[PDB]
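S.K.: Before I ask anything, let me first share the structure, which is written out below as structure tokens.
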Amino acid sequence: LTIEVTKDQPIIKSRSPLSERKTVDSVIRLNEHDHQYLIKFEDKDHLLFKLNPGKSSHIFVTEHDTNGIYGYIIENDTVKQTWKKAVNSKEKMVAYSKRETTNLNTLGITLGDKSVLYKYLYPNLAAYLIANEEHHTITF
Amino acid sequence: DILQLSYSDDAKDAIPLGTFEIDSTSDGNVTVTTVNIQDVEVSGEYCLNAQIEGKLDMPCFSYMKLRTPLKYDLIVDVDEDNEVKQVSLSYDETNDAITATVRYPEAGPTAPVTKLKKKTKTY
Amino acid sequence: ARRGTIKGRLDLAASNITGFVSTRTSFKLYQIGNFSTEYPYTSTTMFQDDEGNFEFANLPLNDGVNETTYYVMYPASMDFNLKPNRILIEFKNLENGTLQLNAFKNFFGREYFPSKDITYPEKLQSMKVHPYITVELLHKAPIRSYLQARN
Amino acid sequence: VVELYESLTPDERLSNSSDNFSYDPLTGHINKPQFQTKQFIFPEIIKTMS
Amino acid sequence: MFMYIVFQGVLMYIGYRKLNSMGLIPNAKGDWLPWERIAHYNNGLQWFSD
Ligand SMILES: *[C@@H]1O[C@H](CO)[C@@H](O)[C@H](O)[C@H]1NC(C)=O
Ligand SMILES: *[C@@H]1O[C@H](CO)[C@@H](O)[C@H](O)[C@H]1NC(C)=O
Ligand SMILES: *[C@@H]1O[C@H](CO)[C@@H](O)[C@H](O)[C@H]1NC(C)=O
């Protein structure tokens with residue numbers, strides 16, 4: 001649905017199907033300017049989404065399951081797997097987070113004698129957990 | 001424990017790239033030996049494939065922009081049981097080849113707490 | 001098979017607090033020592049009575065030569081501050097055949113049992129458990145006092 | 001908590017000159033951090049953080 | 001007759017040496033942190049994601 005938010009009560013300015021009438025697991029926000037979105041359907045099917053006008057230059061998008069952490073790349077109006085990382089059978093991915101973008105203030109943490117340790121700023125990071133039974137090993 | 005490493009085009013085939021072996025010599029120390037590495041022309045963006053017959057098969061574990069003067073440090077990762085857990089690659093300036101290192105998990109602190117004192121019974 | 005059973009009662013009698021709700025305070029049990037269950041036992045209870053009884057039961061146990069099972073109970077109140085704030089539970093076999101109960105009064109962030117090498121270490125304080133385990137609010141600050149006031 | 005630093009040495013900007021180097025992540029010639037970690041003892045069970 | 005200026009100058013030395021060089025020196029590396037360059041890591045990539 002496309003809905004018009006106004007100071008008055010809204011109006012449903014559009015309803016329509018997606019390209020394939022399939023059940024959807026989630027949606028990941030792609031670029032504001034390019035007006036793209038990525039839809040992950042259950043059955044693990046990924047759909048590029050060109051919604052409306054709203055009236056090399058690679059893009060990388062990355063999604064998680066308990067089976068693994070996968071990573072995905074979009075080029076040429078198509079999605080391709082870029083790599084995979086599944087935990088083994090006994091294992092199970094548990095907890096995940098990405099790097100929220102940050103406006104920058106200080107490139108380094110200082111010391112008493114005006115000395116500086118240069119905190120590590122790499123933007124392309126995520127962190128995650130693995131828990132494995134009988135090992136009793138929370139791996140970070 | 002033999003590993004075979006190969007880049008693939010992901011449409012044509014997995015074209016082989018190298019072969020390595022993993023031996024557990026000491027009580028608790030594994031190590032890698034490069035039985036052979038087969039270098040051919042490499043340039044551009046490629047997806048990697050790693051397979052140890054028996055235990056492990058990571059078909060697409062990484063993706064890098066590769067070059068024929070291979071100058072990478074190949075971190076294979078192990079754990080308390082002497083079993084391969086992961087395979088990944090980083091860039092190190094000094095190798096002019098592929099050299100591989102086995103890695104143990106760099107165990108966490110288990111940071112301290114207050115302890116019971118020593119004969120605070122009659123003292 | 002013989003089981004354990006925790007008996008206890010938070011008083012709310014020395015206090016005159018009787019407009020309390022009884023649904024915002026929760027005791028919780030965990031197992032640490034000598035357990036063969038491929039997961040330590042755990043549980044959570046609510047109150048039983050206005051005078052405040054709480055009770056766990058069907059507790060698994062170790063059996064044989066002075067076989068110990070280490071439970072830990074978390075006395076807390078989200079409306080009060082409970083003076084114990086941590087409880088140790090010790091469940092050993094007698095050579096007579098009966099199972100001995102002992103509990104202790106730890107506090108947040110100290111080891112429970114000594115470090116296996118200290119000669120003659122200090123021992124935690126036990127508490128009289130004939131009637132029940134008797135948990136209490138803080139004498140001096142019974143209220144949790146979330147609200148800081150200016151001035 | 002783990003805290004990620006360019007160099008654990010007291011004064012070092014490891015490979016972060018930026019005038020025109022224009023590092024590539026896709027290739028993998030980026031710097032790699034050193035880390036320092038600690039943990040803490042907490043009274044109550046934590047569901048979720050942000 | 002230049003003894004008066006030679007004599008007086010060291011009294012300018014003593015304050016700068018003893019107290020202004022306590023923590024208040026320019027030209028040491030900790031004073032250029034506001035002026036430190038913003039490291040460019042991607043510069044052609046976005047990494048939208050979950
Ligand atoms: C647990 O059992 C072992 C024997 O398997 C014994 O040495 C130990 O004292 C027991 N208690 C604890 C807390 O480990
Ligand atoms: C208990 O401990 C006593 C300590 O003297 C020991 O003699 C006995 O064998 C143990 N057995 C049981 C069943 O508790
Ligand atoms: C029999 O068990 C009781 C507790 O149930 C204990 O107090 C007593 O000492 C035991 N008998 C002997 C002879 O130790």
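Every chain in the structure tokens has a letter given in the order shown (A, B, ...), and although residue numbers restart at 1 in each chain, ligands are simply numbered from 1 in the order shown.
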Taking only C-alpha atoms into account, produce a table as JSON lines in which each residue of chain B with an atom at most 8 Å from an atom of chain C appears once, together with its shortest atom pair and the distance in Å to one decimal, ordered by chain and rising number.
M.R.:
```
{"residue": "B:113", "atom": "CA", "partner": "C:109", "partner_atom": "CA", "distance": 6.0}
{"residue": "B:114", "atom": "CA", "partner": "C:110", "partner_atom": "CA", "distance": 4.6}
{"residue": "B:115", "atom": "CA", "partner": "C:111", "partner_atom": "CA", "distance": 5.5}
{"residue": "B:116", "atom": "CA", "partner": "C:114", "partner_atom": "CA", "distance": 6.2}
{"residue": "B:117", "atom": "CA", "partner": "C:121", "partner_atom": "CA", "distance": 6.5}
{"residue": "B:118", "atom": "CA", "partner": "C:121", "partner_atom": "CA", "distance": 5.4}
{"residue": "B:119", "atom": "CA", "partner": "C:121", "partner_atom": "CA", "distance": 4.9}
{"residue": "B:120", "atom": "CA", "partner": "C:122", "partner_atom": "CA", "distance": 5.6}
{"residue": "B:121", "atom": "CA", "partner": "C:122", "partner_atom": "CA", "distance": 5.7}
```
S.K.: Up to 10 Å from chain A, what residues of chain B turn up? Count only C-alpha atoms and give them as a PyMOL selection string.
M.R.: chain B and resi 10+46-49+56+58-64+79-81+85-87+105+107-108
S.K.: Could you give me, as a list in words, the residues within 12 Å of residue D:27, counting only C-alpha atoms and dropping anything in the same chain fewer than 4 positions from it?
M.R.: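 Within the cut-off, the hits are residues 43, 44, 45, 46, 47, 62, 63, 64, 65, 66, 67, 71, 72, 89, 90 and 91 of chain B; 23 and 31 of chain D; 41 and 42 of chain E.
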S.K.: Check every protein, DNA and RNA residue against ligand 2, keep those with an atom at most 8 Å away (counting only C-alpha atoms and all ligand atoms), and present them as a list in words.
M.R.: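 Counting only C-alpha atoms and all ligand atoms, the residues within 8 Å of ligand 2 come out as residues 63, 64, 65, 66, 67, 92, 93, 94, 95, 96 and 97 of chain C.
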S.K.: Just need the residues of chain E within 10 Å of chain D, counting only C-alpha atoms, so spit them out as a PDB file with C-alpha atoms, in the first residue's frame.
M.R.:
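Written file, iface-v6.pdb:
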```pdb
ATOM      1  CA  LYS E  29      50.640  15.686  17.891  1.00  0.00           C
ATOM      2  CA  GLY E  30      47.685  15.906  20.271  1.00  0.00           C
ATOM      3  CA  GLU E  36      43.135  15.435  11.706  1.00  0.00           C
ATOM      4  CA  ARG E  37      41.899  14.244   8.319  1.00  0.00           C
ATOM      5  CA  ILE E  38      38.739  12.133   8.010  1.00  0.00           C
ATOM      6  CA  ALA E  39      39.867   8.714   6.827  1.00  0.00           C
ATOM      7  CA  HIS E  40      38.160   7.641   3.603  1.00  0.00           C
ATOM      8  CA  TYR E  41      37.537   3.888   3.545  1.00  0.00           C
ATOM      9  CA  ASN E  42      34.895   3.069   0.924  1.00  0.00           C
ATOM     10  CA  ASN E  43      34.359   6.260  -1.181  1.00  0.00           C
ATOM     11  CA  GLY E  44      32.355   4.373  -3.827  1.00  0.00           C
ATOM     12  CA  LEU E  45      30.187   1.997  -1.786  1.00  0.00           C
TER      13      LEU E  45
END
```
S.K.: If the cut-off is 12 Å, can you tell me the residues of chain A near chain C, counting only C-alpha atoms? I'd like them as a VMD selection string.
M.R.: chain A and resid 133 to 136
S.K.: Once you count only C-alpha atoms and all ligand atoms, which residues end up within 8 Å of ligand 1, and could you hand them over as a ChimeraX atom specification?
M.R.: /C:32-35,68,70
S.K.: Filtering to N, CA and C atoms, could you give me those residues as an mmCIF file, in the first residue's frame?
M.R.:
```
data_model
loop_
_atom_site.group_PDB
_atom_site.id
_atom_site.type_symbol
_atom_site.label_atom_id
_atom_site.label_comp_id
_atom_site.auth_asym_id
_atom_site.auth_seq_id
_atom_site.Cartn_x
_atom_site.Cartn_y
_atom_site.Cartn_z
ATOM 1 N N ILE C 32 24.386 -25.029 39.430
ATOM 2 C CA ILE C 32 25.764 -24.938 38.949
ATOM 3 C C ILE C 32 26.542 -26.248 39.115
ATOM 4 N N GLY C 33 26.539 -26.819 40.318
ATOM 5 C CA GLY C 33 27.485 -27.869 40.669
ATOM 6 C C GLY C 33 27.115 -29.323 40.444
ATOM 7 N N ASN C 34 28.059 -30.075 39.868
ATOM 8 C CA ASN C 34 27.985 -31.539 39.755
ATOM 9 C C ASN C 34 26.680 -32.042 39.136
ATOM 10 N N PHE C 35 26.230 -31.398 38.071
ATOM 11 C CA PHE C 35 24.946 -31.743 37.477
ATOM 12 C C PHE C 35 25.216 -32.609 36.258
ATOM 13 N N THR C 68 26.898 -33.582 46.377
ATOM 14 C CA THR C 68 26.400 -32.218 46.485
ATOM 15 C C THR C 68 25.734 -31.739 45.199
ATOM 16 N N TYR C 70 24.582 -27.828 43.849
ATOM 17 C CA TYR C 70 24.697 -26.423 44.208
ATOM 18 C C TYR C 70 23.556 -25.729 43.477
#
```
S.K.: To one decimal in Å, tell me the separation between atom CA of residue E:46 and atom CA of residue A:48.
M.R.: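 Result for atom CA of residue E:46 versus atom CA of residue A:48: 16.6 Å, one decimal.
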S.K.: With 6 Å as the limit and counting only C-alpha atoms, what residues in chain A lie close to chain D? Please list them as an MDAnalysis selection string.
M.R.: chainID A and resid 116:120
S.K.: Near chain B, meaning an atom within 8 Å, which residues of chain D appear when counting only C-alpha atoms? Write them as a VMD selection string.
M.R.: chain D and resid 26 to 30 37 to 41
S.K.: Go ahead and save the residues from that selection, with C-alpha atoms, as an mmCIF file, in the first residue's frame.
M.R.:
```
data_model
loop_
_atom_site.group_PDB
_atom_site.id
_atom_site.type_symbol
_atom_site.label_atom_id
_atom_site.label_comp_id
_atom_site.auth_asym_id
_atom_site.auth_seq_id
_atom_site.Cartn_x
_atom_site.Cartn_y
_atom_site.Cartn_z
ATOM 1 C CA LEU D 26 36.476 -4.793 -1.744
ATOM 2 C CA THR D 27 40.110 -5.726 -2.386
ATOM 3 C CA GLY D 28 41.119 -6.312 1.220
ATOM 4 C CA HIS D 29 44.190 -4.062 1.606
ATOM 5 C CA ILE D 30 42.585 -2.353 4.595
ATOM 6 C CA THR D 37 38.420 -6.534 25.822
ATOM 7 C CA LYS D 38 36.998 -6.724 29.297
ATOM 8 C CA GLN D 39 33.796 -7.889 30.919
ATOM 9 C CA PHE D 40 31.736 -7.040 33.951
ATOM 10 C CA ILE D 41 29.465 -8.676 36.499
#
```
S.K.: Any idea what the distance is between atom CA of residue B:88 and atom CA of residue A:26?
M.R.: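 Interatomic distance, atom CA of residue B:88 to atom CA of residue A:26: 29.2 Å.
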S.K.: Which of these residues is nearest to ligand 3, using only C-alpha atoms and all ligand atoms: C:150, C:99, C:78, C:126?
M.R.: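 Smallest distance to ligand 3 is found for C:99.
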S.K.: With only C-alpha atoms as the counted atoms, please give the residues lying no more than 7 Å from residue C:143, apart from itself and same-chain residues fewer than 3 positions off, as a ChimeraX atom specification.
M.R.: /C:79-81
S.K.: Taking only C-alpha atoms and all ligand atoms into account, which of C:101, C:129, C:149, C:87 comes nearest ligand 3?
M.R.: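 Residue with the minimum atom-to-atom distance to ligand 3: C:101.
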S.K.: Please measure the separation of atom CA of residue C:103 and atom CA of residue C:127, giving the value in Å to one decimal.
M.R.: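 Interatomic distance here is 6.7 Å.
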S.K.: I'd like to know which of C:100, C:31, C:148, C:15 is closest to ligand 3, using only C-alpha atoms and all ligand atoms.
M.R.: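 So, comparing all the options, the nearest one is C:100.
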S.K.: Show me, as a PyMOL selection string, the residues that have an atom within 9 Å of residue E:47 when counting only C-alpha atoms, minus same-chain residues fewer than 5 positions from it.
M.R.: chain A and resi 30+59-62+124
S.K.: Hey, what does DSSP flag as strand (DSSP E) within stretch 24-133 of chain C? Can you give it to me as a PyMOL selection string?
M.R.: chain C and resi 27-33+42-45+53-59+69-73+87-93+99-104
S.K.: Save out the residues we just selected, N, CA and C atoms, as an mmCIF file, in the first residue's frame.
M.R.:
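result-v1.cif was written with the following content:
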```cif
data_model
loop_
_atom_site.group_PDB
_atom_site.id
_atom_site.type_symbol
_atom_site.label_atom_id
_atom_site.label_comp_id
_atom_site.auth_asym_id
_atom_site.auth_seq_id
_atom_site.Cartn_x
_atom_site.Cartn_y
_atom_site.Cartn_z
ATOM 1 N N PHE C 27 11.285 -14.735 42.627
ATOM 2 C CA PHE C 27 12.439 -15.550 42.989
ATOM 3 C C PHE C 27 12.754 -16.542 41.876
ATOM 4 N N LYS C 28 14.048 -16.798 41.691
ATOM 5 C CA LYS C 28 14.560 -17.568 40.569
ATOM 6 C C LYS C 28 15.667 -18.487 41.063
ATOM 7 N N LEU C 29 15.692 -19.712 40.536
ATOM 8 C CA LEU C 29 16.632 -20.754 40.935
ATOM 9 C C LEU C 29 17.468 -21.206 39.749
ATOM 10 N N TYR C 30 18.754 -21.451 40.021
ATOM 11 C CA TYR C 30 19.712 -21.934 39.034
ATOM 12 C C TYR C 30 20.572 -23.024 39.662
ATOM 13 N N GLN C 31 21.076 -23.926 38.820
ATOM 14 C CA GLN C 31 21.941 -25.041 39.206
ATOM 15 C C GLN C 31 23.333 -24.839 38.618
ATOM 16 N N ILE C 32 24.386 -25.029 39.430
ATOM 17 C CA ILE C 32 25.764 -24.938 38.949
ATOM 18 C C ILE C 32 26.542 -26.248 39.115
ATOM 19 N N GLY C 33 26.539 -26.819 40.318
ATOM 20 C CA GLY C 33 27.485 -27.869 40.669
ATOM 21 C C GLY C 33 27.115 -29.323 40.444
ATOM 22 N N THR C 42 16.758 -25.143 36.326
ATOM 23 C CA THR C 42 16.403 -23.765 36.631
ATOM 24 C C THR C 42 14.904 -23.668 36.838
ATOM 25 N N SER C 43 14.486 -22.612 37.527
ATOM 26 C CA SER C 43 13.058 -22.413 37.742
ATOM 27 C C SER C 43 12.802 -20.974 38.170
ATOM 28 N N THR C 44 11.522 -20.601 38.169
ATOM 29 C CA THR C 44 11.070 -19.279 38.587
ATOM 30 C C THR C 44 9.722 -19.429 39.272
ATOM 31 N N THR C 45 9.552 -18.787 40.430
ATOM 32 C CA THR C 45 8.303 -18.866 41.181
ATOM 33 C C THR C 45 7.728 -17.478 41.419
ATOM 34 N N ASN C 53 4.458 -16.772 51.103
ATOM 35 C CA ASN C 53 5.160 -18.027 50.895
ATOM 36 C C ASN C 53 5.493 -18.240 49.423
ATOM 37 N N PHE C 54 6.668 -18.813 49.190
ATOM 38 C CA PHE C 54 7.151 -19.216 47.883
ATOM 39 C C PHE C 54 7.890 -20.536 48.051
ATOM 40 N N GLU C 55 7.900 -21.334 46.988
ATOM 41 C CA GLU C 55 8.176 -22.758 47.120
ATOM 42 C C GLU C 55 8.602 -23.298 45.769
ATOM 43 N N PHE C 56 9.730 -24.000 45.747
ATOM 44 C CA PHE C 56 10.104 -24.832 44.614
ATOM 45 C C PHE C 56 10.098 -26.285 45.053
ATOM 46 N N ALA C 57 9.939 -27.177 44.085
ATOM 47 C CA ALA C 57 9.712 -28.578 44.399
ATOM 48 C C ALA C 57 10.127 -29.410 43.200
ATOM 49 N N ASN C 58 10.145 -30.726 43.403
ATOM 50 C CA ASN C 58 10.559 -31.673 42.372
ATOM 51 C C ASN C 58 11.986 -31.377 41.922
ATOM 52 N N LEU C 59 12.836 -31.021 42.876
ATOM 53 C CA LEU C 59 14.187 -30.584 42.552
ATOM 54 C C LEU C 59 15.056 -31.805 42.261
ATOM 55 N N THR C 69 24.713 -30.895 45.363
ATOM 56 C CA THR C 69 24.074 -30.166 44.270
ATOM 57 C C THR C 69 23.958 -28.697 44.636
ATOM 58 N N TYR C 70 24.582 -27.828 43.849
ATOM 59 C CA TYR C 70 24.697 -26.423 44.208
ATOM 60 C C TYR C 70 23.556 -25.729 43.477
ATOM 61 N N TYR C 71 22.534 -25.308 44.220
ATOM 62 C CA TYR C 71 21.569 -24.345 43.709
ATOM 63 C C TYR C 71 21.896 -22.945 44.208
ATOM 64 N N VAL C 72 21.428 -21.957 43.458
ATOM 65 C CA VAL C 72 21.524 -20.558 43.848
ATOM 66 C C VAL C 72 20.174 -19.903 43.606
ATOM 67 N N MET C 73 19.668 -19.215 44.626
ATOM 68 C CA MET C 73 18.400 -18.508 44.559
ATOM 69 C C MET C 73 18.673 -17.012 44.553
ATOM 70 N N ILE C 87 21.440 -15.953 47.459
ATOM 71 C CA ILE C 87 21.373 -17.096 48.373
ATOM 72 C C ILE C 87 22.032 -18.306 47.734
ATOM 73 N N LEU C 88 22.869 -18.990 48.512
ATOM 74 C CA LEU C 88 23.442 -20.271 48.133
ATOM 75 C C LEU C 88 22.635 -21.396 48.755
ATOM 76 N N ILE C 89 22.482 -22.484 48.000
ATOM 77 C CA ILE C 89 21.768 -23.686 48.409
ATOM 78 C C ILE C 89 22.697 -24.880 48.238
ATOM 79 N N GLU C 90 22.871 -25.640 49.317
ATOM 80 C CA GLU C 90 23.807 -26.747 49.431
ATOM 81 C C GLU C 90 23.068 -27.993 49.901
ATOM 82 N N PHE C 91 23.165 -29.077 49.128
ATOM 83 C CA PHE C 91 22.292 -30.255 49.241
ATOM 84 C C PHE C 91 23.171 -31.503 49.195
ATOM 85 N N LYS C 92 23.644 -31.936 50.363
ATOM 86 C CA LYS C 92 24.631 -33.009 50.439
ATOM 87 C C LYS C 92 23.995 -34.258 51.033
ATOM 88 N N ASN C 93 24.604 -35.414 50.781
ATOM 89 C CA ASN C 93 24.142 -36.656 51.395
ATOM 90 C C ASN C 93 24.738 -36.820 52.789
ATOM 91 N N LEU C 99 19.434 -36.517 53.479
ATOM 92 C CA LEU C 99 20.025 -35.440 52.698
ATOM 93 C C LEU C 99 20.061 -34.181 53.554
ATOM 94 N N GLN C 100 21.249 -33.606 53.720
ATOM 95 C CA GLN C 100 21.414 -32.429 54.548
ATOM 96 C C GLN C 100 21.211 -31.175 53.720
ATOM 97 N N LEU C 101 20.507 -30.231 54.337
ATOM 98 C CA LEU C 101 20.235 -28.909 53.808
ATOM 99 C C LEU C 101 21.177 -27.918 54.468
ATOM 100 N N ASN C 102 21.831 -27.101 53.659
ATOM 101 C CA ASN C 102 22.573 -25.961 54.160
ATOM 102 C C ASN C 102 22.394 -24.852 53.144
ATOM 103 N N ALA C 103 22.235 -23.629 53.616
ATOM 104 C CA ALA C 103 22.189 -22.479 52.734
ATOM 105 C C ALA C 103 23.161 -21.446 53.266
ATOM 106 N N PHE C 104 23.479 -20.468 52.427
ATOM 107 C CA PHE C 104 24.395 -19.419 52.840
ATOM 108 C C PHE C 104 23.990 -18.094 52.225
#
```
S.K.: Give me, as an MDAnalysis selection string, the contact residues of chain A against chain E at a cut-off of 12 Å, counting only C-alpha atoms.
M.R.: chainID A and resid 26:32 36:40 56:65 69:74 96:101 103:126
S.K.: Report the residues of chain E whose backbone DSSP state falls under helix (DSSP H, G or I), written as a list in words.
M.R.: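 Here are the helix (DSSP H, G or I) residues of chain E: residues 3, 4, 5, 6, 7, 8, 9, 10, 11, 12, 13, 14, 15, 16, 17, 18, 19, 20, 21, 22, 23, 29, 30, 31 and 32 of chain E.
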S.K.: For the selection you just gave me, I'd like the residues written to a file as a tab-separated table (two decimals), in the first residue's frame, keeping C-alpha atoms.
M.R.:
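Resulting contents of selection-v9.tsv:
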```tsv
chain	number	residue	atom	x	y	z
E	3	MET	CA	73.12	43.04	29.13
E	4	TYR	CA	69.66	44.36	30.06
E	5	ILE	CA	67.90	42.48	27.23
E	6	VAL	CA	69.95	39.30	27.67
E	7	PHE	CA	69.16	39.42	31.38
E	8	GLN	CA	65.45	40.05	30.90
E	9	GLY	CA	64.90	37.39	28.21
E	10	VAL	CA	65.53	34.37	30.40
E	11	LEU	CA	62.74	35.60	32.65
E	12	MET	CA	60.57	35.04	29.54
E	13	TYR	CA	62.14	31.60	29.30
E	14	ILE	CA	61.23	30.51	32.80
E	15	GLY	CA	57.44	30.77	32.58
E	16	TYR	CA	57.20	29.10	29.17
E	17	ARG	CA	59.59	26.35	30.28
E	18	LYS	CA	58.13	25.59	33.70
E	19	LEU	CA	54.34	26.14	33.44
E	20	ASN	CA	53.21	26.75	29.86
E	21	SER	CA	55.10	23.57	28.97
E	22	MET	CA	53.12	21.78	31.67
E	23	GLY	CA	50.40	20.76	29.22
E	29	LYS	CA	50.64	15.69	17.89
E	30	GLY	CA	47.68	15.91	20.27
E	31	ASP	CA	46.88	19.49	19.24
E	32	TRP	CA	46.00	18.57	15.63
```
